[PDB]
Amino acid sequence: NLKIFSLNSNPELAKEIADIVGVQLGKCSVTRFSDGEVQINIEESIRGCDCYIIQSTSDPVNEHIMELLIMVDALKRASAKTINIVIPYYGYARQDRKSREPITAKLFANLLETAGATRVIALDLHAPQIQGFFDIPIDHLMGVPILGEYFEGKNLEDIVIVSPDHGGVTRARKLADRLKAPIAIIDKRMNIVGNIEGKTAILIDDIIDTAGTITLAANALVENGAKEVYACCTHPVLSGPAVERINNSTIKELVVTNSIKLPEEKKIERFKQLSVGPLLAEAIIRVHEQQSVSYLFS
């Protein structure tokens, strides 16, 4: 009665999740015709079934967004009982506030409901208030505990968590609480606010895109006395020259999760990727079986 489908964004994450929960991915067909149009065909009856769709809205966001919406349409029209969306990475999440700009994080939310979505399971939205962009139920999972565990196990002396900017202090502090460490912040107006002399710095962000911000912060820490610099994020967008910039940086090791598929192309030298696979598989089971999802936060 529970059917899980995967689309093109992150097929491997979807498979890992399916193996853990114990189902074969649903029979669907995702064709792209020669003129660029996409067509999904549900290759099996899903009438009366609770359907889960696993899709990160990563590069190319607009293709991933449309195939997800078109698939929801096909399931709604094929009489699915529920259409539950599992989103490891929420694209356009940085477009969450307005000078004559759209609020794309909100537009997508409205689009998703319009298409027929029942509920959403999300992981580390750029802003916690993005939950409020929905009127359908949404269960928000956090990735900070996963990154925090890995660092807690590295036997690092003298650490200070560093927020790459003014908007990342809250996140920095959740990590500094978990690790019992002080916080410093970069104030590119690029000044270092806080004590980092001799300390092992851990730069943290939710998303690492072009990596300009992170590598620059890293270089600044090192020439201001930091013993060493580590860097982590939940979502590895890593577009453009991101990878190169990181390989040449002073960043000892970069730690990311697998919410976004890694560039087949470019390789990161000092890197560690943690899986959110178990977290999502478990959240899917509890949502479907109506157990407590919040048991997952404490």
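Just count from 1 along the sequence shown to find any residue number.
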Handout entry: Gap size between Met190 and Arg189, counted in deposited residues that the entry leaves unmodelled
Key = 4 to 9
Fill in the blank from the handout: For the neighbouring pair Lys98 and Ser99, the stretch of deposited sequence with no coordinates amounts to 1 to 3
Practice task
Using the B-factors recorded in the PDB entry, average over the C-alpha atoms of 235 to 243 and of 23 to 31, then report which stretch comes out higher.
Solution key: 23 to 31
Fill in the blank from the handout: Comparing mean C-alpha B factor in the record for 168 to 176 and 190 to 198, the higher one is 190 to 198
Handout entry: Top Cα B factor in the deposited entry, candidates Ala74, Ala218, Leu111, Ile121
Key = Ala218
Fill in the blank from the handout: Based on the PDB entry, the highest CA temperature factor among the options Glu264, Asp59, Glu67, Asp50 is that of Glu264
Completion exercise
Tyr295: C-alpha B-factor third of its chain, per the entry, is the middle
Exercise for the section: Name the third of the chain's ranked CA B-factors that contains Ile130, choosing lowest, middle or highest. Expected result: lowest
Fill in the blank from the handout: The third of the chain into which the C-alpha temperature factor of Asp139 falls is the lowest
Handout entry: Chain-relative CA temperature factor third for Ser249
Key = highest
Practice task
Determine, from the deposited record, the chain-internal third of the Cα B-factor for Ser163: lowest, middle or highest.
Solution key: middle
